[PDB]
Amino acid sequence: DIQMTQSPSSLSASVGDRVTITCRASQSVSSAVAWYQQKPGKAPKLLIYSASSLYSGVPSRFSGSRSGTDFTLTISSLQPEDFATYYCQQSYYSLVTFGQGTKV
Amino acid sequence: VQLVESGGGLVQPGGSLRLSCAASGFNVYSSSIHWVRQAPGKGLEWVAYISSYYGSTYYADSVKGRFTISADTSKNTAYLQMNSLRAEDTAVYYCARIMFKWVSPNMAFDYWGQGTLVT
Amino acid sequence: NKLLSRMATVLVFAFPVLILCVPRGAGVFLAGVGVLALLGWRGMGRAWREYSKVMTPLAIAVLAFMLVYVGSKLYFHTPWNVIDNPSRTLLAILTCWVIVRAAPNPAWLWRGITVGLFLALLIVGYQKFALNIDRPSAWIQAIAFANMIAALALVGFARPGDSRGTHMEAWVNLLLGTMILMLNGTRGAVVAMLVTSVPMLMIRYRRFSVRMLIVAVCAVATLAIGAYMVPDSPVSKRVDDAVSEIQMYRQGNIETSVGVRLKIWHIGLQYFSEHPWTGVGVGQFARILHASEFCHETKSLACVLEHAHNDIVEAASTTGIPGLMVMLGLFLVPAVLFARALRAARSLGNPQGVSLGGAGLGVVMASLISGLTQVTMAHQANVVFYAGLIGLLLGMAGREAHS
């Protein structure tokens, strides 16, 4: 099917330093990739949909962009509540797939 | 708008189990309900969903042929029925609801459930 | 003289195939238009003079639209990226002016329509059944592709003729169109095309007059109302999917699709009421939501959308009275130019022009109906396709109407 890879798999950065997360794709997904934040032992919540639109209740620090088939997410700055795992899901193909999952 | 699921527990391999994902605040026949599971200390893994109105369904490679997803608009609930489980199916199972079709033409999970653990 | 006619004929033949199936077909077709205009240099100085009764309400109505749509920037200092999409509505002027100079043979346009529809059906079938895709659009966005398919099918419904084979081709046009749309979901476009094709039975069968359309719509309405007498079939319980939504919106809880849509519409049409002439500005609709007193007290999904999803609301809120008038004109002026060519062709016999005018009117009606639920201005592909088709149909329509 479709394989999604994330880099880095686990990175650490102090508060105030912006961090970027890259989600790749085996085949061409036009814009059907969303981003999720999962806290330890908690249900994940949507952050960005269609790779460039923020979801309600998400501060404007989070932002995503598209460059061909290499999808990247970046944050304006790190606050203490932003240290959680992140995932990327492709929805173009009817059999959706989640990435490996980075950790902050 | 809340989604709650229950039905998990201890089950030996080779048996069967059914999870009921009760929904509130919307109609299950309106949107599409997706089941997703996460292995302990691992990433999320998709399994299946059902279409909004047509009822058409797709399954993942590993769970195809033994997992039966279903909907019942009379009770506004969604169910996932599993058969012939092995030891590799131990994970926490979540519910998922896409956004509105107009706000996002492509599926994007916004409202989730508390989740249940099956072993 | 003749070569321009033959190459314009083959270009209008291949336009649907290029737009729908070829990936970068918009650029190829815009190059095909240019390689024609660059050939007639002393022409088109005596072609504007010949059809100034049709060309001028396709040039003035677009120049005024552009002027009013860029005259927002002088104060509302939004970047130029907003007016890069209305830069594509000027292409209608060029694609009508080239056709006016180079007279085509619109007999091949319908064959191109059916060939494009069948090839697009094959492509979508491959992309849905084998390369599993949730939203099987060929190479563009799903909603824009649905609009393209609906417009092509409605153009092809106006096959000129009254014969077994012509009726067969006309019916297969809508059959392929509905198959393509259903494979791509977005059944809203399907219902829009179905309701738009009913008045086109005026052009389809030249026997069924206004009364034989009134009776048909009355029967269809009665059949639709027959559902609620027994509310068990899926017919009852899908229009009953919004009754709860609206009754909840009338109450405190508004967190539903119909509720969110209505809340955005009201927050747009109240700002428009507060600012009659000029609004927040061209584009820049997010400022209304970001500065309102409803989004300050709750963080509902209605507070994060870039733009409204109603043309009559989005244009009115963002621009205002001049912007609303020009946005309405951009669709209605073609709708007035197609009627004046349809009546001329009817007075001249000449069935091909009559069918062409009917197709143009159907396209305008479908565009309005689609805009009643979405903003067609945002998608660049939708804008360029609509401009190209509206400037291409009216070219042959005027050519046939005059002579």
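Residues are labelled from 1 along each chain in written sequence order, independent of how the entry numbers them, and those without coordinates are excluded. Chains carry letters from A onward and ligands carry numbers from 1 onward, assigned in written order. Note that water and hydrogens are dropped before the side-chain values are worked out from all heavy atoms of the structure. Residues with missing side-chain atoms are left out of burial classes, side-chain pairs and their counts.

Chemist: Kindly report on the sheet that holds strand β4 (residues 45–49) of chain A, identifying the contributing residues and their values.
Modeler: All names here are of chain A. Any two strands between which DSSP finds at least two bridges are classified as paired. The secondary structure listing takes helices from DSSP runs of H or I that are at least 4 residues long and strands from runs of E that are at least 2 residues long, numbered from the N terminus. With antiparallel pairing, 5 strands are arranged side by side in an open sheet as β5-β4-β3-β8-β9. Only two strands of the sheet have a single partner each, and these edge strands are β5 (53–54) and β9 (97–98). By the bridge criterion, 2 bridges tie β4 to β5 in an arrangement that is antiparallel. Within β5, the residue paired with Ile48 across the bridge is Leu54.

Chemist: Which residues make up the packing of helix α17 (residues 351–371) of chain C against helix α18 (residues 380–402) of chain C, and what values do they have?
Modeler: Residue and element names in this part refer to chain C. Each axis is a line fitted through C-alpha atoms, and for a helix only the stretch in contact is used; angles between axes span 0 to 180 degrees, taken between their N-to-C directions. Taken N-terminus to C-terminus, the directions of α17 and α18 make an angle of 155°; their axes are 9 Å apart at the nearest point. Classed by the angle they form, the pair α17 and α18 counts as roughly antiparallel. Where α17 crosses over α18, the two elements pack in a sense that is left-handed. Residues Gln352, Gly353, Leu356, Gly360, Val363, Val364 and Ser367 of α17 form the contact with α18, whose participating residues are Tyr386, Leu389, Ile390, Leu393, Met396, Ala397 and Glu400. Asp, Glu, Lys and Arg are counted as charged, while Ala, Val, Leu, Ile, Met, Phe, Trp, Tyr, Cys and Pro are counted as nonpolar; the rest, among them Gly, fall into the polar class. Residues of the contact of α17 with α18, tallied by class, amount to 9 nonpolar, 4 polar and 1 charged. Roughly parallel means an angle under 35 degrees; roughly antiparallel means over 145; roughly perpendicular covers 65 to 115; every other angle is labelled oblique. It is the rotation of the near helix from the far one that decides the hand of a crossing: anticlockwise by less than a right angle makes it left-handed, clockwise makes it right-handed. Contacts: residue pairs with any heavy atoms within 4.5 Å of one another.

Chemist: Tell me about unusual backbone geometry, and name the residues and values.
Modeler: Residue A:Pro8 is reached from A:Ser7 by a cis peptide bond, and omega for that bond is 0°. Its location among the elements puts A:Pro8 in the loop between β1 (6–7) and β2 (20–23). With a phi close to 35°, C:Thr186 is a non-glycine residue in the positive phi region. Along the chain, C:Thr186 turns up in the loop between α7 (164–183) and α8 (187–197). A relative accessible area of 13% means that C:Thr186 is categorised as buried. Each residue is placed in one exposure class: buried if its accessible area under a 1.4 Å probe, protein chains only, is under 20% of its type's maximum, exposed if it is over 50%, and partly exposed if it falls in between.

Chemist: Talk me through the interface of chain A and chain C; I want residue IDs and the actual numbers.
Modeler: If you look at the interface, chain A gives 10 residues, while chain C gives 11 residues. The junction of chain A with chain C conceals about 790 Å² of combined surface from both sides, 56% of it contributed by carbon and sulfur atoms. Definition used for salt bridges: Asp or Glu carboxyl oxygen within 4 Å of a side-chain nitrogen of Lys or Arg. The tally of links from chain A across to chain C stands at 0 salt bridges. Its residues assigned to classes, the side of chain A that touches chain C comprises 5 nonpolar, 5 polar and no charged. By buried area we mean the combined loss of accessible area, with a 1.4 Å probe, across both parts when two parts are placed together.

Chemist: Describe the pattern of salt bridges, and please don't skip the residues or the numbers.
Modeler: All names here are of chain A. The tally for this structure, following the rule as stated, stands at 6 salt bridges over all chains. Two residues, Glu81 and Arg61, come together in a salt bridge whose shortest N-O distance is 3.7 Å. Of this pair, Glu81 sits in the loop between β7 (70–75) and β8 (85–90) while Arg61 sits in the loop between β5 and β6 (62–67); the two residues are 20 residues apart in sequence, bridging distant segments of the chain. With a relative accessible area of 38%, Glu81 lands in the partly exposed category. Across the pair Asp82 and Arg61 runs a salt bridge, and its minimum N-O distance is 3.1 Å. Of this pair, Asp82 sits in the loop between β7 and β8 while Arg61 sits in the loop between β5 and β6, and the two are 21 residues apart along the sequence. Beyond isolated ion pairs, a larger network of salt bridges with shared partners links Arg61, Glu81 and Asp82.

Chemist: Describe helix α13 (residues 257–274) of chain C, naming the residues involved and giving the relevant values.
Modeler: Residue and element names in this part refer to chain C. Relative to the 26 Å expected for 18 residues at 1.5 Å per residue, α13 spans 26 Å between its end C-alpha atoms, a close match to the ideal helical length. Within the sequence span of α13, burial applies to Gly259, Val260, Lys263, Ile264, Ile267, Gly268 and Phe272. Buried positions along α13 lie against α12 (243–249), α14 (286–291), α15 (311–318) and α16 (321–347). Multiplying one less than the number of residues by 1.5 Å gives the expected span of a helix.

Chemist: How would you summarise the sheet that holds strand β2 (residues 16–24) of chain B if you had to cite specific residues and measurements?
Modeler: Residue and element names in this part refer to chain B. Taken together, 4 strands build an open sheet; the order of strands is β1-β2-β7-β6 and the sheet is antiparallel. In this open sheet, the two edge strands, each paired with only one partner strand, are β1 (2–6) and β6 (67–72). When strand polarity is set aside, the average angle formed by the axes of neighbouring strands in this sheet is 15°. In terms of strand pairing, β1 meets β2 through 5 bridges, oriented antiparallel. Looking across to β2, one finds that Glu5 is bridged to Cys21.

Chemist: I'd like a rundown of the state of the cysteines, residues and numbers included.
Modeler: Criterion for a disulfide: a pair of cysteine sulfur atoms at a distance within 2.5 Å. On inspection of all chains with the given rule, the structure shows 3 disulfides over all chains. Paired through a disulfide, A:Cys23 and A:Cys88 show a sulfur-sulfur distance of 2.0 Å. Residues A:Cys23 and A:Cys88 are joined by a disulfide whose S-S torsion is about 70°; by sign, that bridge is right-handed. Residue A:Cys23 is found in strand β2, and its partner A:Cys88 is found in strand β8; the two are separated by 65 residues along the sequence. Accessibility assignment for this pair places A:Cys23 and A:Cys88 in one class, buried. Disulfide pairing is shown between C:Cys295 and C:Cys303; the S-S distance is 2.0 Å. Taking the torsion about the S-S bond as the criterion, the C:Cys295 to C:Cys303 disulfide, at about -90°, is left-handed. Here the two residues C:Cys295 and C:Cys303 agree in accessibility, since each one is buried.

Chemist: Explain the packing of aromatic side chains to me, using residue names and the numbers behind them.
Modeler: Any two rings among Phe, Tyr and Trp, with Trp reduced to its six-membered ring, count as a pair given centres within 6.5 Å; such a pair is stacked if its planes are under 30 degrees apart, edge-to-face if over 60, and tilted if neither. In this structure the tally under the stated criterion is 18 aromatic pairs over all chains. On the numbers, 5.8 Å between centres and 5° between planes, the contact of B:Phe100 with B:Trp102 is stacked. Given the relative accessible area of 10%, B:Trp102 is considered buried. An angle of 45° between the planes, with centres 5.9 Å apart, marks the rings of C:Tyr205 and C:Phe208 as tilted. What makes C:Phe208 partly exposed here is its relative accessible area of 31%.

Function cannot be read off these values alone, since they describe shape.
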